[PDB]
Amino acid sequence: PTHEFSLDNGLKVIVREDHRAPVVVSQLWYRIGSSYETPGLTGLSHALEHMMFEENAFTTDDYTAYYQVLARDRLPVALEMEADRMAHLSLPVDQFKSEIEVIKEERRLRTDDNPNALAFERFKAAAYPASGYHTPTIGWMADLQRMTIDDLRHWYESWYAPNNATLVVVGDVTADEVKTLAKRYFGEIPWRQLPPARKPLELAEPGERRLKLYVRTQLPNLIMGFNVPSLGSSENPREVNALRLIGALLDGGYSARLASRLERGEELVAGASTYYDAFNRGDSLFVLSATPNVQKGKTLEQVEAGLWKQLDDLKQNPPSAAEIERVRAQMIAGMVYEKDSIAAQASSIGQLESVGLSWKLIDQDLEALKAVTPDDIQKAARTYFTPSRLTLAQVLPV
């Protein structure tokens, strides 16, 4: 029940009908992000978004999205005002001067004065030496401090264009109905030449980077990241999917390895997690987080020793399909759960599409996960969990 058409101006439109309730979701996804940004002018995408402002907006490394959820008959007015945004930017000098302070202020409160946020910003910069991924989305303070109205306008001109955008609609509508409105509201808007956009590729083996940061935190903790591919950047999708599965094996659940082995069973860590986004425009990071079992006086150095042991085990011993399946199934199940929810489907469509991946993937994703074999997993672990790919940071209390 999903249709794809593109307007003359290069706007791509995706529509999925779901008549279960009389509501429709409209999201607009622009392919501009912090990874496109240039030093001394960081934070631009996020500011620009903030300035053109249920409905919400979000800016990440690879995209900026505006979405609204609404009553089916009100779709025409939702589309009209998203089109307005695309069409022109009304931003007064007076408005700007006030907003920039808010943003700067937001940087202090939520990044600088948030010790975990702070540490992560640093970790991320060290982890991504060559790619745009190193840049903080909020922007460096020095950059915000120097940002100007003209810089914002120009950014708007350059990137907020129909051929840089995807409109996604799901809900109680007809694809023809949507098609008609888009032309009506967006059709007018002309195509604009874009700046060059390059996937944010990173070195495969940057070397071993270790960070020590003292922050206003009460609990010492360890962050380990491994430079890796994503579907945006990978000629072998199998290895990526193998990586996703590895995270699930480590972090998802009571019986998952880190919990049973390190939290219980050894008492090395208080908690431990993993995060890996497989759906980047470019390359990605496989991340580990643990905090030490302070009660037993366990050091960060011990935690790290413990994590490597678990990573080694994967290299040495392919996990059983009995393990993989339990782990795979639950991943699918959780993913399926999101399926329902027109908003989630819309976001899945917009995310992937902003990143150079087709929406057609979602359907085949569950087949793809299925293809992973215990061998794939072992192979990916051997390949990627090398010290040459590691950024490790100790976040310590001062």
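Start at 1 and count along the sequence shown; that's the residue number.
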| item | value |
| --- | --- |
| Where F53 meets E54 in the shown sequence, the number of deposited residues left unmodelled | 10 or more |
| Selected stretch [higher average CA B-factor]: 337-345 or 58-66 | 337-345 |
| Residue range whose averaged C-alpha B-factor is higher in the record, 355-363 or 35-43 | 355-363 |
| Residue of maximum C-alpha B factor among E177, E301, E121, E205, per deposited coordinates | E177 |
| Deposited CA B-factor, highest of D251, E106, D283, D112 | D251 |
| Third of chain Cα B-factors occupied by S6 | middle |
| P237 - Cα temperature factor, lowest/middle/highest third of chain | highest |
| Modelled-residue ranking by C-alpha temperature factor, third containing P319 | highest |
| CA B-factor ranking of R244, expressed as a third of its chain | lowest |
| CA B-factor ranking of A87, expressed as a third of its chain | highest |
